[PDB]
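Engineer: experimental coordinates for this protein are included below, preceded by the sequence.
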Amino acid sequence: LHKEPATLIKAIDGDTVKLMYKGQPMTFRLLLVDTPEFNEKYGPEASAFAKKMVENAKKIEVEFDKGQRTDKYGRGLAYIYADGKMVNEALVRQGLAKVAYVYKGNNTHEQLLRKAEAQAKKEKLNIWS
Ligand SMILES: Cc1cn([C@H]2C[C@H](OP(=O)(O)O)[C@@H](COP(=O)(O)O)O2)c(=O)[nH]c1=O
Ligand SMILES: [Ca+2]
């Protein structure tokens, strides 16, 4: 996989964010994770964590997987990096997201994320508390 440039337009919630990619505004949905909706338990904390991450970053990057790059709602599907750290992974590692929506052929970082989930679960963090 390859990291590509993007810039932040606006934080949205734990697992979606608005970025400019190839010069065009798009909403990205983070691959392989599910954060709680803002209205649910840990939703506000997931949103806050994801917002801090992308707002503090000097460099945002988008990494597509091998399969579909847009979902049925026209959201981009990608792994999002903030100053080299994967947002998808960081949410999971903090117990603010579950590994989820693992579809065949867009699952390159599955085992990396499951390893983070296991560690979050072990330390009983947030969702796992
Ligand atoms: C993460 C992801 C979500 N989706 C679709 C599945 C779900 O369909 P449904 O809306 O029919 O439940 C929805 C979940 O996104 P959200 O968790 O943002 O609601 O997005 C994909 O198709 N591919 C993906 O990789
Ligand atoms: Ca969600």
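Structural biologist: In hand now; what should we look at? Numbers count the residues shown, from 1 in each chain. Ligands and ions are numbered 1, 2, ... in the order given.
Engineer: next up, the contacts around residue 2.
Structural biologist: Neighbour list for residue 2: 63, 64 [criterion: C-beta atoms under 8 Å, 6 or more residues apart in numbering]. From N, CA and C alone the C-beta is placed, and that goes for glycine too.
Engineer: phi and psi next, for it.
Structural biologist: phi -130, psi 140 (degrees, to the nearest 10).
Engineer: with residue 93 instead?
Structural biologist: The phi/psi pair for residue 93 (degrees, to the nearest 10) is phi -60, psi -30.
Engineer: chain center to the biggest strand by length in the chain, what's the gap?
Structural biologist: Ranked by residue count and defined by DSSP state E, the top strand of the chain is strand 3-11. Strand 3-11 sits 12 Å away from the centroid of its parent chain (C-alpha atoms, centre = their mean, to the nearest Å).
Engineer: in that strand, what's buried?
Structural biologist: For strand 3-11, the neighbour count (16 or more other C-beta atoms under 10 Å) marks 6, 8, 11 as buried.
Engineer: helices or strands next to it in the packing?
Structural biologist: Packing contacts for strand 3-11, counted by 3 or more C-beta pairs under 8 Å, 6 or more residues apart in numbering; DSSP states H and E, involve strand 16-21, helix 43-56, strand 60-63.
Engineer: then stretch 11-26 to PDB, C-alphas only?
Structural biologist: What follows is stretch 11-26, C-alpha atoms only, in PDB (Å, rounded to 0.1, in the frame of the first residue of the first chain):
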ATOM      1  CA  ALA A  11     -13.200  16.500  12.000                       C
ATOM      2  CA  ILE A  12     -16.600  14.800  12.000                       C
ATOM      3  CA  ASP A  13     -16.700  11.900  14.500                       C
ATOM      4  CA  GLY A  14     -14.700   8.900  15.700                       C
ATOM      5  CA  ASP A  15     -14.500   7.000  12.400                       C
ATOM      6  CA  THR A  16     -15.300   9.700   9.700                       C
ATOM      7  CA  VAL A  17     -13.400  12.800   8.800                       C
ATOM      8  CA  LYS A  18     -13.600  15.400   6.000                       C
ATOM      9  CA  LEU A  19     -10.400  15.700   4.000                       C
ATOM     10  CA  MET A  20      -9.200  17.200   0.800                       C
ATOM     11  CA  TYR A  21      -7.800  14.500  -1.400                       C
ATOM     12  CA  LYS A  22      -6.400  15.200  -5.000                       C
ATOM     13  CA  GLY A  23      -7.900  18.700  -4.500                       C
ATOM     14  CA  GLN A  24     -11.500  17.500  -3.800                       C
ATOM     15  CA  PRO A  25     -13.500  17.500  -0.600                       C
ATOM     16  CA  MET A  26     -14.400  14.100   0.500                       C
END
